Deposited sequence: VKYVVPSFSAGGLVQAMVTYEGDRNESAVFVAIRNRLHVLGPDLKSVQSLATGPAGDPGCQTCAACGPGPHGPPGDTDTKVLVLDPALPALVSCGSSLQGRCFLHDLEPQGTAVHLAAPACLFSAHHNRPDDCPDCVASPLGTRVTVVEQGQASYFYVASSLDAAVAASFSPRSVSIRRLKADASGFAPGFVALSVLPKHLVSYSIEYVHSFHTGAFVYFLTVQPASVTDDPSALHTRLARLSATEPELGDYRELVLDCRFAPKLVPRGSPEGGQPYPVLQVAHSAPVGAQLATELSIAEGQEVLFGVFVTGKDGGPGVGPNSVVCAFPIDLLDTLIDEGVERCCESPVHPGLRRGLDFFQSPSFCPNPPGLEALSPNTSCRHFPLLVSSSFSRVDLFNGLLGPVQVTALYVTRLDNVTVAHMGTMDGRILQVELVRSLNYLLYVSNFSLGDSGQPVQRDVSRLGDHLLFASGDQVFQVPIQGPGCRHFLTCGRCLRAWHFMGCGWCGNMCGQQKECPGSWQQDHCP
């Protein structure tokens, strides 16, 4: 386990981290702690900082941008969302405080780094009501945001966990699609939204693990109760799919995802997820085409035999097909009976093809025009055949590198494992292990890329790790050098391990003296 020194100490537990790489070779890391946002340059040294709380503090620089104070309740600001809007380009931050409002921070050139212009408060006074708040975006219970450009407008696809206390007034809703106004004063009213019905808010809640935009859709991954009339600890994982091309939630779709250890045993609870295009080797094994986008998920049982963690692969094109087939099953032809529409937490029960709460489909109305849950689940089996054993995976980032696909897995004890993503039987193919300093705190869920390094947080620090694993020069004998994976371009120079270019006449990968 190669020791990795921290690159940045945040002064507090890192709540959120996202990166930016611009067109002009400018880049940045945005790192959020309670009450503070940090901007780092490409060398991961700080260029700027901003006070994001506490609310009703004169020193709160985001709060101050909402105009003459104060704004309440007073309280600490925990950062729930950090997202880039590349169209501007601008960072958007949204906090636990101040009704979940967001702030807009224009990116300005600063050498190879970036600096943020003074914050715009995305909350207009005369525009938000306790019963209707287009600018109430984030929930202290947690929020995922994906930004999609449609023509010359930026839309914010927002999922926010709810309960009764958060929804009472100025509620953020469950799923929404909000247009950011060009004058930076807020989001456009009239946005569309689904949320957990007040009657269900009492006992039913939804966690949002991940969100991403690929092809014509925005996808959210969720953990929630298997059923609305069921123990709120019988949890499972769902994929929610929304149109990325129209700002509408009529055809919102969910699909239950089922990963199992099957040498089988279900691992119903999603811990962390990442999607990425796969290399040719894994593509062949999954029967898809090289470079196809695959959604990878780390699952746990959520509570004897079996690994602590499994990793399942769900190719995006197959998920979309399963969903399309689910729609036809609900809405086509003669529908088979007893097929539920579902999403009872968002809408009234009904059976396909009827609209929520109804027993007939009227001729002026379309079955597909209402949200539905796909009737059968998508089941996959652990790519790693239980080989992660007792390891508790807390973070995941997948990178394609020619034919090879690598998983970079963060652990509960502060390690990174890099493993080739293949269907494994008897052993895992480790590229490299890292330790992140030696607090051994958990690796935080959210992993960012910067150039050819990945950034991971644990505790109050950010670390960088090479995507390709350690340089060839770290292999000190010929056998070791030649044991290195293909993709690294390591070859023995005679007394030295290097790339071809360091010993053009002797570089070889073939055998040892």
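- According to the record, the deposited residues with no C-alpha atom in the structure span 264-273, 314-317.
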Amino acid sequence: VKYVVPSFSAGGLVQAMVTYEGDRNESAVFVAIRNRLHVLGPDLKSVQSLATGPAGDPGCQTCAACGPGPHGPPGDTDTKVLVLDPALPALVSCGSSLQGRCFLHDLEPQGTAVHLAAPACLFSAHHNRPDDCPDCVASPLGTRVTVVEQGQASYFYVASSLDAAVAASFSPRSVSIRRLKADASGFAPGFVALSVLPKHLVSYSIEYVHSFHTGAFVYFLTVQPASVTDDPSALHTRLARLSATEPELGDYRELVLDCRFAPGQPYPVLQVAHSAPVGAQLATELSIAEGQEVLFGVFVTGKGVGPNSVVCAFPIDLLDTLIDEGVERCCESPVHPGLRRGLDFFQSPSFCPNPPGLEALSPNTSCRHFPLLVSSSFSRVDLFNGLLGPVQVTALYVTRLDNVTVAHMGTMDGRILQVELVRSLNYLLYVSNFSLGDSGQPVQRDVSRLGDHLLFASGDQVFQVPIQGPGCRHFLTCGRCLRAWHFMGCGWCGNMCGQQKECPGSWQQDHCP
From here on, numbers count along this sequence of modelled residues.
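- Between 138-146 and 180-188, it is 180-188 that carries the larger average Cα temperature factor according to the deposited entry.
- In this crystal structure, the stretch out of 167-175 and 321-329 whose C-alpha atoms carry the higher mean B factor is 167-175.
- Out of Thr214, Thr399, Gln265, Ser211, the entry records its largest CA B-factor for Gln265.
- The PDB entry assigns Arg445 a C-alpha temperature factor belonging to the lowest third of its chain's modelled residues.
- Ranked by Cα temperature factor within the chain, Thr229 sits in the highest third according to the deposited record.
- Annotation for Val14: C-alpha temperature factor in the middle third relative to the rest of the modelled chain, per the entry.
- Among the modelled residues of its chain, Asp131 has a C-alpha B-factor that falls in the highest third according to the deposited record.
- Per the deposited record, the Cα B-factor of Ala117 falls in the middle third when ranked against the other modelled residues of its chain.
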